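Participant: below you'll find the sequence and an experimental structure to go with it.
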Amino acid sequence: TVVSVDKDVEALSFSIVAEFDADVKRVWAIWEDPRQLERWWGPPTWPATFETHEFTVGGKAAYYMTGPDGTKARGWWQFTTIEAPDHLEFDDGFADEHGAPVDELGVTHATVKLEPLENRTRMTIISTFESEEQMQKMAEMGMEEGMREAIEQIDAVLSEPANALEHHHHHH
């Protein structure tokens, strides 16, 4: 899906609203299970792979997005607030070939909120950046668009039609 996309540069936040036919724990399962997270983490062309995923308050996660050419782009993750089954908070971090925080792109704190629609659930992920010139550079990378494409591939995780996704996503 992705039913709405909101961006506020004054408050340094970038929110994506999406709505899925599943319960709050079923949509939470993509966050709780490392294997179900890397299933959609990053765009269709760059699927991630989590070496570790603690999923605890003050715990971390290590991953890398495997490119279409094989180009391996590392990233690091840190959990700040895990309430369950609705409220989650963490920090999306990029990592270089050694695993150091990419100061080119900085650090961004995303807040995942699940809403019980009886038999369905709506998710809203708000990524907050350290500065304006940082969040402009995130938009220059196209991180905001590729993030949406990841959340549209969540629909492929929770539905899973007859192939999940053959990479038919051909539009920007």
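Facilitator: Ah, there it is. Numbers count the residues shown, from 1 in each chain.

Participant: which residue, other than its chain neighbours, is closest to the residue nearest the centre of the chain?
Facilitator: Centroid-nearest residue in the chain, with CA atoms, centre = their mean: residue 41, separated by 5.6 Å. In this structure, residue 41 finds its nearest non-sequential neighbour in residue 48, 3.7 Å apart by CB to CB, 6 or more residues apart in numbering. Heads up, the C-betas are built off the backbone N, CA and C, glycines and all.

Participant: again, but for residue 104
Facilitator: Counting by CB to CB, 6+ apart, the residue nearest residue 104 is residue 137, at 7.3 Å.

Participant: give me the three-state assignment for the one you found.
Facilitator: helix (DSSP: H, G, I helix; E, B strand; the rest coil).

Participant: so who does it touch?
Facilitator: 104, 105, 106 (CB atoms under 8 Å, 6 or more residues apart in numbering).

Participant: residue 112 now?
Facilitator: Here residue 112 is in contact with 31, 87, 88, 89, 90, 123, 124, 125 (CB under 8 Å, 6+ apart).

Participant: could you pick out which of these are located in strands?
Facilitator: Secondary structure defined by DSSP state E assigns 87, 88, 89, 90, 123, 124, 125 of the contacts of residue 112 to strands.

Participant: what subset of those residues is buried?
Facilitator: 88, 89, 90, 123, 124, 125 (16 or more other CB atoms under 10 Å).

Participant: the first one and residue 110, how far apart?
Facilitator: When you say that, I think you mean residue 88. 8 Å (CB to CB, to the nearest Å).

Participant: surely the residue nearest to residue 41 and residue 61 touch.
Facilitator: No. In this structure, residue 48 is not within contact of residue 61 by CB atoms under 8 Å, at 9.8 Å.

Participant: tell me the helix or strand right after the helix or strand where residue 52 lies.
Facilitator: Using DSSP states H and E, residue 52 maps to strand 48-53. Reading on from strand 48-53 to the C-terminus, the next helix or strand found by DSSP H and E is strand 60-66.

Participant: residue 76 against residue 62, yeah?
Facilitator: Yes. Counting by CB under 8 Å, residue 76 touches residue 62, with 6.2 Å between them.
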